[PDB]
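One chain follows as structure tokens, the form deposited in one PDB entry.
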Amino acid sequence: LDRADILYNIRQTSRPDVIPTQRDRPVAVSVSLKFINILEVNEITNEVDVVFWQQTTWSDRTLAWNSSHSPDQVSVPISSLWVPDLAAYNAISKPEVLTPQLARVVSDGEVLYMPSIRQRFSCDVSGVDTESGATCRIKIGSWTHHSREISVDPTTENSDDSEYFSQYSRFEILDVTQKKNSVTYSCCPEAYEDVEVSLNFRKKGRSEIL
């Protein structure tokens, strides 16, 4: 098989609307935000404008192929793949996707989708201009799939938090932590999972001694 064959097969047979549940177990989705920039902050309105890579990971066996004498990976338009219906609960704007909408697919069916996104959130901005900084909590989970269909988990807890964060922001990141939750909503009997990402950041210029 060559890349053309693999992509043909995927385009023809992937079922983008079909969640790749295996043996009635939930699709395990890993989610992780890599913060790139903090553009605007409003301590009056408690709103923040942020850029981050939404590193998203899951397995879809229907995409798999025999790679013994073939490419190990391909890039695939997400329009040709099932993607988790993740949403930020406290987002107050549509996700502005900054990057080409392609996912990386490995021959065993592992998928990595990691778009860079600019989005505004409603969260706690108080203390942003102090040493202690503010802690903006961002809640992400499947909008319509409950816990027997999608589970969400934070990816690896090890990584430079500012690895990709802009040195030119007026802000700096003090700490990023992630927490998993399972919540019942009044609309529905089922529990839905989410990841809460706590972004601890401050404005540059209040850790001064002199």
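Residues that one form lacks are left out of the comparison. Start at 1 and count along the sequence shown; that's the residue number. Superpose the two forms; the largest set of C-alphas matching within 1.5 Å is the rigid core.
In the record comparison, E157 is unmodelled in at least a third of the other entries of this protein that model the residues flanking it.
FYI, the form deposited in another entry isn't displayed, but the following is about it.
Core-aligned CA deviation for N158 between the shown form and the other one: 2 Å or greater. Annotation: Cα of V18 displaced by less than 2 Å between the shown form and the other one, core superposition. Once the rigid core is overlaid between the shown form and the other one, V183 counts among the residues whose Cα shifts by 2 Å or more.
Annotation: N158/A134 CA-CA distance shorter in that other deposited form than in the displayed model, change of at least 3 Å. With a change of no less than 3 Å, the CA-CA distance between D85 and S186 is larger in that other deposited form than in the form shown. Mapped along the sequence, displacements between the shown form and the other one of 2 angstroms or more at every C-alpha, sustained over at least 3 residues after core alignment, occur at 156-160, 183-192.
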